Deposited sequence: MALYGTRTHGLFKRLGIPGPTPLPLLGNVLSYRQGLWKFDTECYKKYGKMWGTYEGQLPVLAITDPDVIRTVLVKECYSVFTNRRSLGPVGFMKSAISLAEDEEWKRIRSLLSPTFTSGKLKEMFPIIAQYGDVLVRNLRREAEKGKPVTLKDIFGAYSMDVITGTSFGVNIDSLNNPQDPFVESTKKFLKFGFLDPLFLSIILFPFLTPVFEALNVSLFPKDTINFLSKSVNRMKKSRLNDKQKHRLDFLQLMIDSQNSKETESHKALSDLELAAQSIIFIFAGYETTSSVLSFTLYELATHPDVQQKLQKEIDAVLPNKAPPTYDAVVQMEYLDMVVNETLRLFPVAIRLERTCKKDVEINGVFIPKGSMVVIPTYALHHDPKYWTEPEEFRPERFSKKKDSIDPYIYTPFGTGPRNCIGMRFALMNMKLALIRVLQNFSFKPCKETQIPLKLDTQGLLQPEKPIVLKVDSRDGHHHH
């Protein structure tokens, strides 16, 4: 297993020497965020690695990133990582490819406009009541609060409510079938010999597909797919039903499932990261509460234009996503041979935009390890959209981005209206990141939560 391991050597592209069969995969064990940053430091603008035999080209030049993510998205860099064994979930928008992706993305676009988001605002804001009640019971407990329990439950509640209109109280119904099924999405493929064998030996994917082996939790997929069909007999779901070029009843089920998959852990982790930064920066937290109280005096309920016009809240969310871009990197496959900034790259190679590394780059951000929301003041020069990519850029960016920001802002408004967050002896400071999957802390974020009354 070395046939491709001379590619970058031959092209002159720097990078860490791969091992036979494994490639550079052993360097993932410290975390992809750490590997990308150390490679950037060591090799510069562009470096090559191998996932088994698969060549991987990382690029950090904003102009080359623009060509990959926008200019040649339809012609060359249309799809992400080559598809693992996923069964009918291949129809999910995030896993679909080429013409099928273009159609599905186009059918779902009316669902994610800013106009539809303004309509669904009351359906989203209503989950703030449960959130505050849950956190109150934990705050009035006089003990540190494990944030991920509170905000994981909120993240699940909102994405499921906006999906199906079912108001589950995740935190208070641990044995609800929706709750237990969805939690299987956490730690997606952690140390699983199946995921690793797929990465090293991508030719095994059609074998596992033929055996009904899926990277997803089968029992979760089946429950959610069957749950979708029974409700159609009797919302994101309602928008897709009305749109029925057709969106088949299996394609529609794939979207319902993938929205929950994409929005659940991401929103939860970012929320918890945000409150860590506010607990460790009281002055930021107090400035934000000052702005919230000036817009919504006497804990007034949030409205749409009030959320959109909170500048410092927007800066705080953006600075949190700079420090903690939970997807770590963007990935595209060369569906044919392509020249990328003078480099001839073979068909099937992967191109990586190392979001985390570029977000912590001292060449673009002064004091890059510091939490400074003022970076995102609209008075300052615009932020290069190819350096700052927590949601990606171009035709294949995060379709739920607007919704995810709105959800997180509504959560942060309601808890900060009622509570203050400070560290305790059990708080890990500095926070250390995990080494697997989406960005999350090595130890669960715990904080002291005090009510403002």
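Ranges of the deposited sequence (numbered from 1) for which no C-alpha atom is modelled: Holes in the chain trace, numbered from 1: 1-4, 239-248, 259-266, 476-480.
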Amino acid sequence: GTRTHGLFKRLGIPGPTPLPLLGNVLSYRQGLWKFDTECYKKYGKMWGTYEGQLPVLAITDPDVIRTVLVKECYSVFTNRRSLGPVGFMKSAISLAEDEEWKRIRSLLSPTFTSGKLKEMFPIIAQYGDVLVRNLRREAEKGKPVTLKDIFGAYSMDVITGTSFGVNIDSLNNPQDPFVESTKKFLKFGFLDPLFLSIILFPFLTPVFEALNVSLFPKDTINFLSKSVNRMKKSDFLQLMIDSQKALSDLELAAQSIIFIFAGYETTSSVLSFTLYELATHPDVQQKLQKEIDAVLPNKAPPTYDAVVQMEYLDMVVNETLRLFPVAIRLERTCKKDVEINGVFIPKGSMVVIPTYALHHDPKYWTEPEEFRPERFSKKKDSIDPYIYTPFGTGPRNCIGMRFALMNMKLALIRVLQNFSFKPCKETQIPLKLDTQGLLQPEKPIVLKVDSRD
From here on, numbers count along this sequence of modelled residues.
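Throughout, rigid core stands for the largest set of C-alpha atoms superposing within 1.5 Å between the two forms.
Out of 282-290 and 186-194, which one drifts farther from the shown form in 5 other deposited structures of this protein in terms of CA positions, with the fit done on the rigid core? Taking the RMS over all superposed structures in 5 other deposited structures of this protein, 186-194 lies farther out.
Between 160-168 and 146-154, which one shows the bigger average Cα displacement from this form in 5 other deposited structures of this protein once the rigid core is aligned? Checking 160-168 against 146-154 in 5 other deposited structures of this protein, I find the farther stretch is 160-168.
Determine if residue 380 is unmodelled in a third or more of the other PDB entries compared for this protein. Modelled in all the others, so no.
Go through the other compared entries with residues on either side of residue 245 and state whether a third or more give it no coordinates. Result for residue 245: often missing, at least a third of the compared entries.
Given 267-275 and 334-342, the range whose Cα B-factors average higher in the PDB entry: Per the PDB entry, the higher value belongs to 334-342.
Taking only the CA atoms, which stretch has the higher mean B-factor in the record, 207-215 or 110-118? Per the PDB entry, the higher value belongs to 110-118.
Out of 183, 148, 80, 380, whose C-alpha atom has the biggest B factor in the entry? When the deposited C-alpha B-factors of 183, 148, 80, 380 are compared, 380 is largest.
Going by the deposited entry, which of 396, 29, 425, 402 has the highest CA temperature factor? Of the candidates given, the C-alpha B-factor peaks at 425.
Chain third (lowest, middle, highest) by recorded CA B-factor, residue given as residue 420: It falls in the top third of the chain.
Compare the C-alpha B factor of residue 359 with those of the other modelled residues in its chain, then answer lowest, middle or highest third. Within its chain, residue 359 is a lowest-third residue by C-alpha B-factor, going by the deposited values.
By the record's CA B-factor, is residue 135 among the lowest, middle or highest third of residues in the chain? According to the entry, residue 135 has a C-alpha B-factor in the chain's middle third.
Consider only the C-alpha atoms of the modelled residues in this chain, order them by B-factor as the entry records it, and name the third containing residue 192: lowest, middle or highest. Its C-alpha B-factor, which the entry lists for residue 192, ranks in the highest third among residues of this chain.
Comparing residue 319 with the other modelled residues of its chain, is its CA B-factor in the lowest, middle or highest third? Within its chain, residue 319 is a lowest-third residue by C-alpha B-factor, going by the deposited values.
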